[PDB]
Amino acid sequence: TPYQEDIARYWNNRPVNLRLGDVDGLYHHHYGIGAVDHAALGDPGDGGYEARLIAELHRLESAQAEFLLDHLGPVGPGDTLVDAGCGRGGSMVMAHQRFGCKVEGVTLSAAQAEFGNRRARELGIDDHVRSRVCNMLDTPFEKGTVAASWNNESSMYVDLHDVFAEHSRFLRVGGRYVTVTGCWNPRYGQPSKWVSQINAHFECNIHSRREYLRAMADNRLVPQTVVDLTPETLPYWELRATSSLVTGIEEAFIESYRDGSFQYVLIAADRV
């Protein structure tokens, strides 16, 4: 909990995030994947370059969010979805618009919760999409009532075994769990300074790919897909590294992705 408060007294308090959500209305708090489109990007000497760069970055960010939903498997309007650490509800809205089902979000930031519902009412879907302040480790959802859940870059803030144990609980048998995250590669040995820098920067705790796989195995979660998206997210960062929205953590990511001490992966497992 003492750490939980650290996270709450954090997210309840950037440009590189809001200005992008300002274009679509979809506010994301994760990273992008995909080939940069230097077509619509234009050159650095145009009256509205930075404006086009923000659009490109946001596109990539919405791109991975969409990519995540592709692994939630078949899901009808009667099913319920859970978003552990939903942020401002960006992914939640997309999910609903795409499946027209119930989407329950959960976050530690009362600010993010309200922001999500606020934006939810505007779209007139507040009765299907709802964010609430709650710890993803102890959620109110009943056993096996959720068709699919996921963690889009929010698993570095909690204990893997405990979090997957929860998902496994409220997740229906045969249900689908997905997660996009950054984990230090066990093949490298131990967390490199780069990774530690990212932890100190976001005040989180990155896990190894080994922990992710073992944690899932110990919680009746059998991976159906395990793909390394590092090559897909590299473009996003290198582009963001040249912008002015830079937060100062770009190097840590780019470098760690380069030497392979850190990796961006996606895992979709079944609730067996």
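Residue positions are given as counts along the sequence shown, with the first one as 1.
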{"item": "Mean temperature factor over C-alpha atoms, higher-scoring stretch between 64-72 and 47-55", "value": "47-55"}
{"item": "Higher-scoring stretch by recorded Cα B factor average, 262-270 or 2-10", "value": "2-10"}
{"item": "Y188, C-alpha B-factor rank within chain (lowest, middle or highest third)", "value": "middle"}
{"item": "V146 CA temperature factor, ranked by third within the chain", "value": "lowest"}
{"item": "Ranked against its chain, the third holding the CA B-factor of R210", "value": "lowest"}
{"item": "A39 CA temperature factor, ranked by third within the chain", "value": "highest"}
{"item": "Entry-reported Cα temperature factor of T247, expressed as the chain third it lands in", "value": "middle"}
